[PDB]
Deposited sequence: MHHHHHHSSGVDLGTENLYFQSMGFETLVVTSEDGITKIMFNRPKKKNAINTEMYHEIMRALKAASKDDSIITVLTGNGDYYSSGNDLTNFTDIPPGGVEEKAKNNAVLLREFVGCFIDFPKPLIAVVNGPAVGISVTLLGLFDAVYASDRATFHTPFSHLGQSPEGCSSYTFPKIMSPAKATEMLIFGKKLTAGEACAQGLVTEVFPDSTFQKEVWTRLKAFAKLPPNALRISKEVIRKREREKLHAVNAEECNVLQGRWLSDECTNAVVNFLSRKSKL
C-alpha cells in the first residue's frame, strides 16, 4: 500500500492524493519514492487519465524541511523523480485544492492540464533558500509564462494567485472553492469517456519529441542543485529559516 498517499482507480481515472494533511502535504523522502511507485503503476494500469491532488488545506507545501554523499543521493533521487513525470505515458492532470509550493509547482509544467481552486496559490521561493530551479522549470516556465513573468516567480520568489497562474498559462482553469470539487470531477469523468487510445496517442504525439530535451534539462538542473546544496549560501539560508 502507501503510507503517504491514497491511491484509487475506477471508471478509467486513477487518483493519487497526497496524504500528510497535518504537514501540509510536505514531500519527504518516503513520498518521493511512493509517488514514483504510484506513477509507475498508473502508467501500466487500466486508467485513461491520472490525477494528482492534495488532502485538505494545501496541495503541497513542497520539499519537507526534513553529506556530500547525501547531496549526490538526493540529486539522483530528484532526477529519477522528475524523470517519471517526463516519461509518464497517459494524460496527467493536477487538481490543485489549495496552496502549492516548490517542486509541486515546478512539475506543473510537465502536466497536461491543471485545475485550481480560487484559494490555490503558487510559490517557488528557491532563491530565498539559496537554491536553483528544478522540475525542468528552468525551461518550461519561460516557455509557458514568458520570461518576463517566469523570472519574477523563479528568480525572485513572487507568489501567484490562482487567477494569475491561470492568466500566465500554468493553470487550465480556476473554479470557486465552494464548487471546485464538483466542477473538476464532472469534467474529468466526461474526459474519461473519450476514446482511450486516441487520448494516449494524442499526448504521445505532443510529448515524445520533447522528452530527450526535458531529460537533459532535468540532468543539468539536478547538477546545479547538487552544487547549491553543498554551498555555504544555501546552508546559511536554510539554517536562517
| item | value |
| --- | --- |
| Deposited-sequence stretches lacking C-alpha coordinates, listed in sequence order | 1-23, 90-98, 274-280 |
